[PDB]
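First listed ligand is number 1; within each ligand, the first listed atom is number 1. Computed from heavy atoms alone, side chains included, the values below leave out hydrogens, waters and symmetry copies. Each residue takes its place number in the sequence, starting with 1.
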Amino acid sequence: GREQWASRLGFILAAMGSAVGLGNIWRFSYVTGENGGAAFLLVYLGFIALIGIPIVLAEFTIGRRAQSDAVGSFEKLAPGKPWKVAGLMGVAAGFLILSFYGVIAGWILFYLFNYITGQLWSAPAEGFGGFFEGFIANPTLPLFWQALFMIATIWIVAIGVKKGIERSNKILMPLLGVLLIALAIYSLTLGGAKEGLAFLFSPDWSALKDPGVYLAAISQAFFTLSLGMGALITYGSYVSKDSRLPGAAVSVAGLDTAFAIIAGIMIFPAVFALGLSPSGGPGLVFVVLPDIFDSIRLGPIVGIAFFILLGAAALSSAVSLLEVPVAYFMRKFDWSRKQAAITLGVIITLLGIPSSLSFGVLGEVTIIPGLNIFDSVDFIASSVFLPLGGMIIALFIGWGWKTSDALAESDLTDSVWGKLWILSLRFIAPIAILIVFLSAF
Ligand SMILES: CCCCCCCCCCCCO[C@@H]1O[C@H](CO)[C@@H](O[C@H]2O[C@H](CO)[C@@H](O)[C@H](O)[C@H]2O)[C@H](O)[C@H]1O
Ligand SMILES: CCCCCCCCS[C@@H]1O[C@H](CO)[C@@H](O)[C@H](O)[C@H]1O
Ligand SMILES: CCCCCCCCS[C@@H]1O[C@H](CO)[C@@H](O)[C@H](O)[C@H]1O
Ligand SMILES: N[C@@H](Cc1ccccc1)C(=O)O
Ligand code: NA
Ligand code: NA
C-alpha cells in the first residue's frame, strides 16, 4: 500500500520544495564567497547543466520505474548487482546532511524568534557579528531550536506523503522568491554594487588553478539539487506515469539556479557595502542580512518575513532529507511511518549535536585533517557521498540498462536530447566527477 502524490502538481512541487532551501541562500553564499565568486559560479553553473540536470532526470526515472525506496530501487531493477551501494550511500548521506541541516535551520528559527520579540530591530551593542557568534558559541541554546526544527520535520514526514509532504503551502516558495528579488534590488543601491557584481560575475581564472574549487562546485551543485542520495528517487517513487520527467528536471534545476543567483545578487553587494570579507564563513548571511534589514525603515518586518519564508523552505528540504531513511527503514524492517520518522528523526537530531557544538566548545576538535566536526560531516556527505552516489546512479542507467528502456522510462525518444542525456550519464557526468575526484588528491 505505497503512497502516491494525490494531486497532479504534487510531484513537481515536492521536488522543487526539496531543491529550494538553505543551500540556495546560506550555503551558496558562503561557498561562493570563499571560492572566489564568478569563476567558481561559472563552473557551478556548468555542473548544473551538464551533470545536474541529467542525474536529476536519472533519479526521477529510477524512482518512478521501481516504485521503491532509494536502496530498494536498485534491488528491484538490478537484483543482486552492486548498484545498490548508491542507495546505501544515499541513506547514510541523509543521516549526515540532516544532522547539520537542522542546526542551520535552528539558526533560522532563533533569528525569527528574535525579530518577533523585537530583539534585533536595532543593532545590538556587540554588533550583528558579535550577536551571531555569541549565540552559536552557546552550547545549549542552538540545540533547543535545532530540536524544535526537527520536531516539525519529524511531524510532517510521520503524517505521510499525501497528508503531509504534499500539503505544503504553494505561496511560500513564490513569496520567498519575490522577497529575494525585492531584497536583491535594494542591496544594489547600497554603494558596493560595482565590486559586488564584479566579484560575482567578472571571473578571475587564477582561482580555477586549484582543484579544490572544482570539488566545491560539484558539491554545491549536488547539494542544491538534492542529488546523489536518492532523495529524488524517493519522491519520484510516489509518481505515476502521469508525469513528464524531462520538464520536471529542467524546471527543478532552472528554478533552483534562479534562487541561488538572486541570493548572490542580494548578499554580495551587501557584503562589499559593509566592507566585510565575502569568505567570512557559514555565518555570512546571518551577519550580513540583519545588517541590511537594519538599514531599512520597515526592516523588522522584512526580517520577520524573510526568516519565515526561509524557514518554510528549509522545512520542506529537511522533510525530503528525512524521507530517504524513513522509506528505507519502512520497507526493510517493516517499520511504520510514524515509528521510523520519530526514531530516525531523534537519532539524526542527536547526530547533529556534535556538529552544533563545533561552533563553540568543540571548535578545537578535528575529524578530517584541518576541519572541525561540522566541516568534516559536511565534507564527507557533500563532497564524497553525493558526487560518488550520483556517479554510480549515472553509470547505472548508462551502462546497466537497455538504451530503449532508459529513454522510454524517462519520457524521451531517440532524439538529439535523448542522445545527449544518454551521453551525459554514460560518459560526460561520470568522467567529470571522476576527474574532479582524482585531481583533488
Ligand atoms: C518560531 C517558533 C517559536 C516557538 C518557541 C517559543 C518559546 C521560546 C522559548 C524562549 C527560549 C529563549 O531562551 C533564552 O533566549 C535568550 C536569547 O533569546 C537568551 O538570552 C541571552 O543568552 C544568549 C547567550 O547566553 C545570547 O545569545 C542572547 O543574546 C542573550 O539574550 C537566554 O540565555 C535563553 O535562555
Ligand atoms: C520593490 C523593491 C524596490 C526596492 C528599492 C529600494 C531602494 C532604496 S533607495 C535608497 O535611497 C538613498 C538615497 O536617497 C540611498 O542612500 C540608499 O542607498 C538607497 O538604498
Ligand atoms: C541583476 C544585475 C545584473 C548585473 C550583471 C553585471 C555583470 C557585469 S560584472 C563586471 O563589472 C565590471 C565593471 O567594470 C567589468 O569590469 C566586468 O567586465 C563585468 O563583467
Ligand atoms: N537541496 C537542499 C539540500 C538537500 C540535499 C539533499 C537532499 C535534500 C535536500 C538545499 O539546497 O537546501
Ligand atoms: Na537548493
Ligand atoms: Na525547501
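- The protein non-hydrogen atom at the shortest distance from atom 13 (O) of ligand 1 is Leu141 CD1, 4.0 Å.
- A salt bridge is defined here as a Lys NZ or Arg NE, NH1 or NH2 lying under 4.0 Å from an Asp or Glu carboxylate O, and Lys162 with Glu3 fails to meet this definition.
- At a threshold of 4.0 Å, the pair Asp69-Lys76 does not count as salt-bridged, since none of the basic side-chain nitrogens sits closer than that to a carboxylate oxygen.
- With ligand atoms numbered from 1 in the order given, ligand 1 contributes 23 (C), 24 (C), 25 (O) to contacts under 4.0 Å with heavy atoms of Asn138.
- Taking only non-hydrogen atoms, the option from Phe222, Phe28, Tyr101, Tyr235 nearest to atom 12 (O) of ligand 4 is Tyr101.
- Of the heavy atoms in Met229, only side-chain atoms (C-beta onward) come closer than 4.0 Å to ligand 4.
- Residue contacts with ligand 4 for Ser320 involve side-chain atoms from C-beta outward but no N, CA, C or O (heavy atoms, distance under 4.0 Å).
- Here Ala313 has no heavy atoms under 4.0 Å from ligand 4, in either its backbone or its side chain.
- For atom 17 (C) of ligand 1, the closest non-hydrogen atom of the protein is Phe110 CE1, 4.2 Å.
- With distances taken over non-hydrogen atoms, the option nearest atom 29 (O) of ligand 1 out of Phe113, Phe144, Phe131 is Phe131.
- Remark: among candidates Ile104, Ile97, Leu321, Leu22, the nearest residue to atom 7 (C) of ligand 4 is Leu321, based on non-hydrogen atoms.
- Salt bridge present: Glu323 and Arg337 bring a charged side-chain N and a carboxylate O closer than 4.0 Å.
- For the pair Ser237 and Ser68, the tightest heavy-atom approach, listed with the atom from each and the gap, is CB-O, 3.1 Å.
- For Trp26, the heavy-atom gap to ligand 4 stays at 4.0 angstrom or more.
- Contacts between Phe223 and ligand 4, counted as non-hydrogen atom pairs separated by less than 4.0 Å, involve both the backbone and the side chain.
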